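Undergrad: The structure that follows is given in the form of C-alpha coordinates.
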Amino acid sequence: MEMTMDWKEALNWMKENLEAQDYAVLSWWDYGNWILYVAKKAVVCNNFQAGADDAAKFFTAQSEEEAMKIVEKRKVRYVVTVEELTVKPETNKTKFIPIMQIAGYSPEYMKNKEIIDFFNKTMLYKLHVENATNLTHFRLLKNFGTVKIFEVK
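Residue 153, in this note's numbering, is where the sequence shown stops; the numbers in between run on with no holes.
In C-alpha coordinates form, the structure reads like this:
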(Lines of atoms letter the chains of each structure in order from A and count residues from 1; the text may use other names and numbers.)
(Lines give C-alpha, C1' and ligand atoms only; values in the text may rest on other atoms or scores of the structure.)
Protein backbone atom coordinates (compact mmCIF):
# COMPACT_ATOMS: atom_id res chain seq x y z
CA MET A 1 0.00 0.00 0.00
CA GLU A 2 1.59 3.23 -1.21
CA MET A 3 1.43 6.69 0.35
CA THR A 4 -0.89 8.94 -1.67
CA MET A 5 -0.84 12.72 -1.98
CA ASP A 6 -4.01 13.04 0.09
CA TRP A 7 -2.59 10.83 2.84
CA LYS A 8 0.65 12.80 2.93
CA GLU A 9 -1.27 16.04 3.41
CA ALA A 10 -3.62 14.45 5.94
CA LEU A 11 -0.82 13.00 8.06
CA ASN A 12 1.19 16.24 8.08
CA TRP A 13 -1.93 18.18 9.01
CA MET A 14 -2.76 15.95 11.96
CA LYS A 15 0.87 15.93 13.09
CA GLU A 16 0.85 19.67 13.68
CA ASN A 17 -2.83 20.27 14.45
CA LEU A 18 -4.03 17.47 16.73
CA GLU A 19 -3.18 17.82 20.45
CA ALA A 20 0.44 16.77 21.00
CA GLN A 21 1.25 13.43 22.62
CA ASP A 22 -4.60 10.45 26.49
CA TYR A 23 -6.74 9.85 23.41
CA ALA A 24 -6.66 7.72 20.29
CA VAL A 25 -7.44 8.11 16.60
CA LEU A 26 -9.79 5.50 15.15
CA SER A 27 -9.39 4.27 11.57
CA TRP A 28 -9.04 0.99 9.69
CA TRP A 29 -6.03 -1.05 10.82
CA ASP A 30 -4.27 -0.74 7.44
CA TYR A 31 -3.46 2.91 8.21
CA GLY A 32 -2.49 2.48 11.85
CA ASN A 33 1.28 2.58 11.36
CA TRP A 34 1.04 5.75 9.27
CA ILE A 35 -0.97 7.57 11.91
CA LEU A 36 1.17 6.25 14.76
CA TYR A 37 4.60 6.75 13.17
CA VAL A 38 4.05 9.57 10.68
CA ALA A 39 1.35 11.61 12.43
CA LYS A 40 2.71 10.61 15.85
CA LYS A 41 -0.74 9.91 17.29
CA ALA A 42 -2.05 6.91 19.24
CA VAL A 43 -4.36 4.58 17.32
CA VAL A 44 -7.18 2.15 18.00
CA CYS A 45 -5.45 -0.37 15.74
CA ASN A 46 -2.36 -0.82 13.56
CA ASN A 47 -2.45 -4.57 12.99
CA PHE A 48 -5.08 -7.25 12.45
CA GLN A 49 -4.95 -8.95 15.85
CA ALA A 50 -5.58 -6.00 18.17
CA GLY A 51 -8.16 -3.22 17.87
CA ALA A 52 -9.17 -4.04 14.29
CA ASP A 53 -12.38 -5.62 15.58
CA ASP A 54 -13.27 -2.48 17.56
CA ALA A 55 -12.78 -0.37 14.43
CA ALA A 56 -14.92 -2.77 12.39
CA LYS A 57 -17.74 -2.72 14.94
CA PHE A 58 -17.60 1.08 14.94
CA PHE A 59 -17.70 1.40 11.15
CA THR A 60 -20.49 -1.15 10.69
CA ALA A 61 -22.59 0.27 13.52
CA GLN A 62 -26.03 1.50 12.47
CA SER A 63 -26.61 3.89 15.37
CA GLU A 64 -24.39 6.54 16.93
CA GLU A 65 -25.38 5.13 20.30
CA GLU A 66 -23.74 1.78 19.56
CA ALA A 67 -20.80 3.54 17.93
CA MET A 68 -20.19 5.73 20.99
CA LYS A 69 -19.66 2.62 23.12
CA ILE A 70 -16.49 1.90 21.16
CA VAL A 71 -15.49 5.57 21.27
CA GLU A 72 -15.80 5.64 25.06
CA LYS A 73 -14.12 2.24 25.44
CA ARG A 74 -11.13 3.30 23.33
CA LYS A 75 -10.89 6.98 24.32
CA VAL A 76 -11.47 8.00 20.69
CA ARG A 77 -11.24 11.74 19.98
CA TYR A 78 -10.84 11.66 16.19
CA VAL A 79 -11.90 9.32 13.39
CA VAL A 80 -10.24 8.98 9.99
CA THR A 81 -12.16 7.58 7.02
CA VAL A 82 -10.87 6.82 3.53
CA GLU A 83 -12.73 6.53 0.22
CA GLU A 84 -11.39 3.02 -0.53
CA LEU A 85 -13.33 1.82 2.55
CA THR A 86 -16.69 2.82 1.09
CA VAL A 87 -18.92 0.95 -1.33
CA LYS A 88 -18.83 2.44 -4.84
CA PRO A 89 -21.74 2.13 -7.33
CA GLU A 90 -19.40 1.38 -10.25
CA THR A 91 -17.70 -1.66 -8.71
CA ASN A 92 -18.01 -4.49 -6.19
CA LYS A 93 -14.46 -3.86 -4.97
CA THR A 94 -14.16 -2.21 -1.56
CA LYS A 95 -12.42 -2.69 1.76
CA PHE A 96 -15.89 -2.66 3.32
CA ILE A 97 -15.97 -6.42 2.63
CA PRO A 98 -13.08 -7.34 4.95
CA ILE A 99 -14.45 -4.79 7.43
CA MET A 100 -17.75 -6.69 7.39
CA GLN A 101 -16.01 -10.06 7.67
CA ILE A 102 -14.03 -8.92 10.71
CA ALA A 103 -17.23 -7.51 12.19
CA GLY A 104 -18.72 -11.00 11.99
CA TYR A 105 -20.70 -10.88 8.74
CA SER A 106 -20.52 -13.27 5.78
CA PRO A 107 -21.13 -11.03 2.72
CA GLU A 108 -20.86 -13.97 0.31
CA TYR A 109 -24.32 -15.08 1.44
CA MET A 110 -25.84 -11.64 0.87
CA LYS A 111 -27.19 -10.24 -2.40
CA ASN A 112 -25.17 -7.38 -3.85
CA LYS A 113 -27.96 -4.89 -3.07
CA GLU A 114 -28.31 -6.21 0.48
CA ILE A 115 -24.64 -5.29 1.00
CA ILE A 116 -25.16 -1.81 -0.46
CA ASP A 117 -28.34 -1.26 1.58
CA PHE A 118 -26.47 -2.36 4.72
CA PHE A 119 -23.56 -0.01 3.96
CA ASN A 120 -25.92 2.92 3.54
CA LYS A 121 -27.05 2.57 7.18
CA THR A 122 -23.57 2.42 8.71
CA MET A 123 -21.38 4.93 10.53
CA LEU A 124 -18.85 4.70 7.69
CA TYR A 125 -21.53 5.94 5.30
CA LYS A 126 -22.83 8.69 7.60
CA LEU A 127 -19.25 9.86 8.14
CA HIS A 128 -17.42 9.63 4.83
CA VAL A 129 -20.33 9.88 2.40
CA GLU A 130 -22.64 12.29 4.26
CA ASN A 131 -19.77 14.18 5.92
CA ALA A 132 -21.38 13.56 9.33
CA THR A 133 -24.12 16.08 8.50
CA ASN A 134 -26.61 13.66 10.06
CA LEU A 135 -24.57 12.76 13.15
CA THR A 136 -24.81 14.29 16.62
CA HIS A 137 -21.46 13.25 18.12
CA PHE A 138 -19.24 13.60 15.05
CA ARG A 139 -18.26 16.58 12.91
CA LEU A 140 -16.08 16.76 9.81
CA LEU A 141 -12.88 18.57 10.76
CA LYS A 142 -10.80 18.48 7.59
CA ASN A 143 -11.43 17.06 4.11
CA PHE A 144 -8.33 15.89 2.22
CA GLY A 145 -10.26 14.47 -0.73
CA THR A 146 -10.02 10.70 -0.31
CA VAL A 147 -9.08 11.13 3.35
CA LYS A 148 -11.35 12.78 5.92
CA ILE A 149 -10.78 13.37 9.62
CA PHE A 150 -13.64 13.80 12.06
CA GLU A 151 -13.81 15.10 15.61
CA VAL A 152 -15.82 13.38 18.34
CA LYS A 153 -18.21 15.62 20.26
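Every residue gets a Cβ at the ideal spot worked out from N, C-alpha and C, and that includes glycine.
Determine the DSSP secondary structure at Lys148, reduced to helix, strand or coil.
TA: Correct three-state label for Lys148: strand.
Undergrad: Using the Cα positions of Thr146 and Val82, report the straight-line distance between them to the nearest angstrom.
TA: So the two alpha carbons sit approximately 6 Å from each other.
Undergrad: For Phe119, does the count of other Cβ atoms within 10 angstroms reach 16, so buried, or fall short, so exposed?
TA: With 16 or more other Cβ atoms within 10 Å, it is buried.
Undergrad: Measure the alpha-carbon distance for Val152 versus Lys111 and round it to whole angstroms.
TA: Straight-line Cα distance between these residues: approximately 33 Å.
Undergrad: What whole-angstrom Cβ distance do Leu18 and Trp34 have, given they're in contact under 8 Å?
TA: Not confirmed; about 14 Å, so no contact.
Undergrad: Could you give the first and the last residue of the continuous alpha helix (DSSP H) run that contains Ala10?
TA: Here the alpha helix (DSSP H) through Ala10 covers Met5 to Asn17.
Undergrad: Report yes or no: do three or more beta-carbon pairs, one from the stretch 39-51 and one from the stretch 91-100, lie closer than 8 Å?
TA: No, because fewer than three Cβ pairs between the stretch 39-51 and the stretch 91-100 fall closer than 8 Å, the two stretches do not touch.
Undergrad: Can you give the Cα-Cα distance for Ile116 and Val87, rounded to whole angstroms?
TA: When rounded, the distance between both Cα atoms is 7 Å.
Undergrad: For the stretch 43-82, list the alpha helix (DSSP H) runs that are entirely contained and at least 4 residues long, ordered along the chain.
TA: You should have 52-59 and 64-74.
Undergrad: Closer than 8 Å by C-beta to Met1: which residues in its own chain qualify, once you throw out the five before and the five after it? Chain order, please.
TA: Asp30, listed in sequence order.
Undergrad: Do the CB positions of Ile149 and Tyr78 come within less than 9 Å of each other?
TA: Closer than 9 Å, so yes.
Undergrad: What did DSSP end up calling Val87 once you bin it into helix, strand or coil?
TA: In this structure, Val87 counts as coil in the three-state DSSP scheme.
Undergrad: On the DSSP bridge assignment, give the partners of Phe138 in chain order.
TA: According to DSSP, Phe138 bridges with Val152.
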